[PDB]
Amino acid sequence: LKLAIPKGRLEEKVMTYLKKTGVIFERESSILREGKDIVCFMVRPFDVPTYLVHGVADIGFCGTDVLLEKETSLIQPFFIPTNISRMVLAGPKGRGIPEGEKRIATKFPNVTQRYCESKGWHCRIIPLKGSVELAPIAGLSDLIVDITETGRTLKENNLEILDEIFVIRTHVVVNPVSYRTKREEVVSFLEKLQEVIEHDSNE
């Protein structure tokens, strides 16, 4: 089994689940963790789906933000409970929402496009790579769509949450092809993972 693990925020949770299921690594680097019958590809979160879709990994993990920002046909075998953070709409405190076309800066343009559509809004979406909270103060946009965990970064930049778009959690996704060619091996691993994951997230 080859796994695509999301570096960053979800990295320790996922690796601890793997540790809890019995996985042991003999050789470890920044990009690659190798054990008997198991190899972990440590990749950027948005590259998880790519590794699976291209078929070089069997199972992968990513947050809801990745899953909703880039649609794939990956299979989600089960639900991982813990809410890690939230995707919200935010803008300069007290100033509300623009009447006409809304300028929204974000790292998640598709998510943002989808949200605007559901609101019947006219939006002008400005894609950014990070530090999205700087957009409103610089005059680049009126609002932003971004992730928040406690609201600290928004608060400190005097932005306020105007709407909660979706709660973000960790997801397990499986390469369809692997699901059929290594069926019992994948089922088995997935059963143990779920056992461990259920426990971890709830108790």
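In this text, residue numbers run from 1 along the sequence as written.
Enquirer: Between 30-38 and 56-64, which has the larger average Cα B-factor in the PDB entry?
Expert: The entry gives the higher C-alpha B-factor average to 30-38.
Enquirer: Once you work out the mean C-alpha B-factor for both 123-131 and 95-103 from the entry, which is higher?
Expert: Averaged over C-alpha atoms, the B-factors run higher in 95-103.
Enquirer: Can you pull the Cα B-factors for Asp47, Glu149, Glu156, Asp142 from the entry and say which is highest?
Expert: It is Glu156.
Enquirer: What third of its chain's C-alpha B-factors does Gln113 belong to: lowest, middle or highest?
Expert: Middle third, going by the recorded CA B-factors of the chain.
Enquirer: Would you mind ranking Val196 by its C-alpha B-factor against the rest of the chain and naming the third, lowest, middle or highest?
Expert: Ranked within chain, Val196 CA B lands in the highest tercile.
Enquirer: Should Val186 be placed in the lowest, middle or highest third of its chain by the C-alpha B factor in the entry?
Expert: Ranked within chain, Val186 CA B lands in the middle tercile.
Enquirer: Ranked by Cα temperature factor within the chain, is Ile75 in the lowest third, the middle third or the highest third?
Expert: Answer is middle: the recorded C-alpha B-factor places it there.
Enquirer: Split the chain's modelled residues into thirds by Cα B-factor; is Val177 in the lowest, middle or highest one?
Expert: It falls in the top third of the chain.
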